[PDB]
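Below are two forms of the same protein chain, given as structure tokens: structure 1, then structure 2.
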Structure 1
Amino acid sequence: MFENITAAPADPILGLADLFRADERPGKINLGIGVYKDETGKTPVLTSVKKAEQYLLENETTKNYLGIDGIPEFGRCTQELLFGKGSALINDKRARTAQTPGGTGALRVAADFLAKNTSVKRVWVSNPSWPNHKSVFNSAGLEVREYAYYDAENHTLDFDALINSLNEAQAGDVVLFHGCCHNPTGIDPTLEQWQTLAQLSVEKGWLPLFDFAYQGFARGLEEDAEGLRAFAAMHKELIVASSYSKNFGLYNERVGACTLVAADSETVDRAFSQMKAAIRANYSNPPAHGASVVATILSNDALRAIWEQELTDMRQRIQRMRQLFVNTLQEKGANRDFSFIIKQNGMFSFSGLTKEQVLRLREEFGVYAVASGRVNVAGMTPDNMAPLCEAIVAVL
């Protein structure tokens, strides 16, 4: 019976959506989005994907079910993108990929797999990290502990505090790492920090779990993977949850992949059969559309050439706004040092605004942002940069 059922809380970011689409003062800027927007403030469907879709519309002959792990071409394409084209992990066949409904679905299936087939109990999530991370692991029954990460003072990665908090984790604990473009800080470890982390991860016996939802948004496709590749060359086992939502603009088609890595082909096949069991009990088989689109794009090099360009254009727009944000702030005039913004990668960063400030921002100006002071840089156009910086400067 449902009458004494507790109403679910307001999702941190969803409340904003509604308040924004209510604010009758149209000079309003929504910075708590999470999705990429072009200079027009529009989230378009990539040309490569549209071409890909016409191709599928012309060539599909059936809608019959995919296998639990999805379209195979999609699988090999994802692990090549992740580990590199000549990666030993691929050659020795010690990796297996299951196509899943978005990066979140990949995280849930990993969670269920881990919860039913191993003795992992705790999962270490960075502080801060994407909020849905806790809920995902919690629903699988795993407990979430947090390691330090953000130096609120210097707006940086507090490595010392970081390694110092991980020492609290036992061998057997799963440690969640953001591949690149840390959500919500945009601070990523340098390659040397990744390596010390890889080294320490082996000595302490953690099971690395990479959340890779922004490949291509920090430096490039290969560059962004260098961190995970540092771990994958040092570990016998690891799990990587990747999303194609942002980098292919396929948000609503739900396309991601959960990749398993084990010591050998024999062991990976045995563990993968159970991961497939977890999928069958969840949604049975994955949604073919978004994945078909990614599979055909990445495999037709004419189409892959166009996509790559569309992604570097996306990446560069974001980098121009982080850059243009810093100095438009220095023109509107305020005691500051927002240059830390330029050092950060991806669509996000903590502006360093107090919840009090972010509040008067929404209230007195119509500039919307998430309470944590997290701001989506892709929500800034060269046009709305001025009023944005004026408002920000007027609340400091």
Structure 2
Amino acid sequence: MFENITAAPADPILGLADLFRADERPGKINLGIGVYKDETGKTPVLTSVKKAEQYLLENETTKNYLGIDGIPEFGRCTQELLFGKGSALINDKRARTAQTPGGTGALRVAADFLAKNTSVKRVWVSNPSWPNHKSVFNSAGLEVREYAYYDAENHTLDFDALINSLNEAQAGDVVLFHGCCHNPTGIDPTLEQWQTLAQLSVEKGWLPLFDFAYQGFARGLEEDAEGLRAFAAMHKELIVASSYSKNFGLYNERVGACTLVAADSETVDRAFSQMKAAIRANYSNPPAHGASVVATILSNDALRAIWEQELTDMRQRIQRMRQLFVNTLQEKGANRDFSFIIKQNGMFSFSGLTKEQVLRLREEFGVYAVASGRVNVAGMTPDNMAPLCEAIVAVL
């Protein structure tokens, strides 16, 4: 049965992890995978998480099944994060949340859902985008088409091209938008632009699907949700896949959620029972741990007050490294202007390096970055900034 199986090519992102610990060469620098690192190049588990975990160890009395959609309070706390405590969506009971194994899992369950219970055939994804978007939607039998987004020359959001590309999407097609911290460009629409697309979207009849994996990494919790909230006030239905892997440092615990929004309580409820059926046939019910942690933190002011500060620290250190990288590059004689980098939000900078340059950086200097030239700024520290910048300069 397996004699004919061809080997799949290594994952463009997760594959770097293998190569990185395959070459024992002293000063390697890992700027590939999107994981936060502190000034010492460590990925620590947050203090609030350690506190919440202790509490759980004290108070849990059972590991009995969670129920298909997970922990209620979790689902409730996430909607308030996404839509706002006031929000009519919450009051009209128009939204339903399922706890899922990470944002990726939320994208898959949404894909499986749309594929079996809807007439969706094609999903529109930005160009460029996170590489795994294609694979997830293709796994569910949906088709992926690309819409223009980034202006390489100016390092700008090519809005006119975005608008003009989307014009080929028909009523009933799904359009994927990144909530904030666009992966991998780091360029997001302004609120005015989010508004224009909110409206264009209602006239052309597209079903919006937001990928929210970095809430809190651009300007703040409530600000990063503005675009989504602009859409929810104007739309009757929409899906949102959010992740807690980055903003809670819970990467390997797989914590995320798929939020379904419909016209009214009765409708979202019917639609949701099918989403639950799709979960049952996939992984049955979600892993409790990571989600329990998030819920306990969110539910306790002391704990939540400490978390918001840890999040604020993460974001600020990244903004620091961002400006340092640019300054050291100019200091090291980079034959180019990299100022645009300071303008990007989130963990990544679309550096502009060519495939060949990133290949040489790795083989020659032990510097790891994604083929597309995406570099993890959050992996930069005052200690590796100089070796890194010299590697880059000797490659331009």
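We call the rigid core whatever largest set of C-alpha positions still superposes within 1.5 Å between the two forms. Residue positions are counted from 1 along structure 1's sequence.
- The shift recorded for the CA atom of residue 382 between the two structures is 1.1 Å, with superposition on the rigid core.
- Per-residue C-alpha deviation between the two structures, core superposed: residue 270, 0.4 Å.
- Once the rigid core is matched between the two structures, the CA atom of residue 364 is found 2.1 Å away.
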